[PDB]
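**Student:** Please read through the structure below; I'll follow up with questions.
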Amino acid sequence: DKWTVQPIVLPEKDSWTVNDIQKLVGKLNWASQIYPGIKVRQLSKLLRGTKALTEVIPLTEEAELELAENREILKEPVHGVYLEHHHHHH
């Protein structure tokens, strides 16, 4: 390691509420632009289930499948010494 993105990580439980899914879909979304292979097509659909921010929504086979594969990708560096702008000191 040297310098690049940050350690993008998320919790893991079998009781994701709309509020928990919502925040997630946002993480995977932003992460998507910072991590490929991530999917947020089925994750967002889960919301269509309920609106209450206290409604426990489970992850569908395809939702838990992608989420998993995602949490794994975040293990990549993405960025790291590959820009070189302008600096001279030592």
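Each chain in the structure tokens gets a letter, A, B and so on, in the order shown; residues start at 1 in every chain, and ligands are counted from 1 in the order they appear.
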Tell me, as an MDAnalysis selection string, which residues lie within 7 Å of segment 73-88 of chain A, counting only C-alpha atoms; anything in the same chain fewer than 4 positions away does not count.

**Tutor:** chainID A and resid 2:5 8 35 69

**Student:** Could the residues in this selection be saved with C-alpha atoms as a PDB file, in the first residue's frame?

**Tutor:**
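As a result, selection-v2.pdb now contains:
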ATOM      1  CA  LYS A   2       1.062   3.612  -0.517  1.00  0.00           C
ATOM      2  CA  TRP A   3      -1.790   6.025  -1.151  1.00  0.00           C
ATOM      3  CA  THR A   4      -5.180   5.787  -2.855  1.00  0.00           C
ATOM      4  CA  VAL A   5      -8.846   5.264  -2.144  1.00  0.00           C
ATOM      5  CA  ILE A   8     -14.719   0.965   1.799  1.00  0.00           C
ATOM      6  CA  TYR A  35     -15.245  -0.210  -7.799  1.00  0.00           C
ATOM      7  CA  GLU A  69     -19.348 -10.222  -4.721  1.00  0.00           C
TER       8      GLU A  69
END

**Student:** Please provide the set of residues having any atom within 9 Å of segment 36-53 of chain A, restricted to only C-alpha atoms, with same-chain residues fewer than 2 positions apart removed, written as a PyMOL selection string.

**Tutor:** chain A and resi 17-22+24-26+28-29+31-34+55-60+62-64+66-67+69-71+73-74

**Student:** Separation of atom CA of residue 27 of chain A and atom CA of residue 61 of chain A, in Å?

**Tutor:**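 Taking atom CA of residue 27 of chain A and atom CA of residue 61 of chain A, their separation equals 19.6 Å.
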
**Student:** Using DSSP on the backbone, list every residue of segment 41-76 of chain A that comes out as alpha helix (DSSP H), and give them as an MDAnalysis selection string.

**Tutor:** chainID A and resid 42:47 61:73

**Student:** Counting only C-alpha atoms, which residue out of A:6, A:1, A:23, A:12 sits closest to residue 68 of chain A?

**Tutor:**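 Closest residue, counting only C-alpha atoms: A:12.
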